[PDB]
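K.L.:
For the record, the sequence lines run as chains X and D.
Per the UniProt record's numbering, residue 25 is the first one in the first sequence, and the count goes up by one each step.
Per the UniProt record's numbering, residue 90 is the first one in the second sequence, and the count goes up by one each step.
Note that the Cβ used here is the ideal one computed from N, Cα and C, for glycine as well.
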Amino acid sequence: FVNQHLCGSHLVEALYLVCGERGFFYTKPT
Amino acid sequence: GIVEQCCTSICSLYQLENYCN
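1. Just mark D/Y108 as buried or exposed, buried being the case when its beta carbon has 16 or more other beta carbons within 10 Å.
2. For a test of the three-state rule: what should DSSP assign to X/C43, helix, strand or coil?
3. On the three-state DSSP scale, how would you describe D/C96?
4. On the CB-based measure, 16 or more other CB atoms within 10 Å of its CB, does X/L41 come out buried or exposed?
5. Should residue 111 of chain D and X/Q28 be called a contact, given that it needs their Cβ atoms to be closer than 8 Å?
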């Protein structure tokens with residue numbers, strides 16, 4: 025695992041993969 | 090801000106774990 029360019033799915037998917045079942049909130053600009 | 094940090098730049102899962110609940 026290392027630095028990876030993410031934005032939407034690959035960000036929630038990245039967080040969903042880093043947080044695992046814990047999940048995350050994922051913020052965004054409006 | 091992993092959005093502009095990972096979308097405008099890059100981030101590490103370690104930084105992604107900081108977004109966990």
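P.N.:
So, to answer that:
1. By the 10 Å Cβ count, D/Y108 comes out buried.
2. coil
3. helix
4. exposed
5. Nothing can be reported for residue 111 of chain D, as the shown portion of chain D is limited to 90 through 110.
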